[PDB]
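K.L.:
Show me the folded form of this:
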Amino acid sequence: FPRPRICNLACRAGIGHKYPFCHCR
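P.N.:
Residues are numbered from 1 along each chain as shown. The relevant structure is shown in the block below.
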């Protein structure tokens, strides 16, 4: 699965835990 561009932003802002599809840091 390709890494969604949003997931990148999410990780940076640390809103990963906020975005289900981008459950990053």
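K.L.:
Helices along the chain, start to end?
P.N.:
Under the criterion DSSP state H, the chain contains helices at 5-13.
K.L.:
ok, now which ones touch the residue most central in space within it?
P.N.:
Of all residues in the chain, the one closest to the mean position by C-alpha atoms, centre = their mean is residue 7, 2.8 Å from it. Under the criterion of C-beta atoms under 8 Å, 6 or more residues apart in numbering, the contact partners of residue 7 comprise 16, 19, 21-22, 24. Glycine gets a C-beta too; all of them are placed from N, C-alpha and C.
K.L.:
Now with 7 Å, please.
P.N.:
Under the criterion of C-beta atoms under 7 Å, 6 or more residues apart in numbering, the contact partners of residue 7 comprise 22, 24.
K.L.:
Also the one 4 residues further on?
P.N.:
Contacts of residue 11 were listed using C-beta under 7 Å, 6+ apart, and they are 24-25.
K.L.:
What count of nearby residues applies to residue 10?
P.N.:
Under the neighbour criterion other C-beta atoms under 10 Å, residue 10 is assigned a count of 20.
K.L.:
does it really touch residue 21, like I thought?
P.N.:
No. In terms of C-beta atoms under 7 Å, residue 10 does not count as a neighbour of residue 21; the distance is 8.7 Å.
K.L.:
burial count for residue 8?
P.N.:
For residue 8, the neighbour count with other C-beta under 10 Å is 12.
K.L.:
any idea how far it is from residue 16?
P.N.:
Look at residue 8 and residue 16: by C-beta to C-beta, to the nearest Å, they are 10 Å apart.
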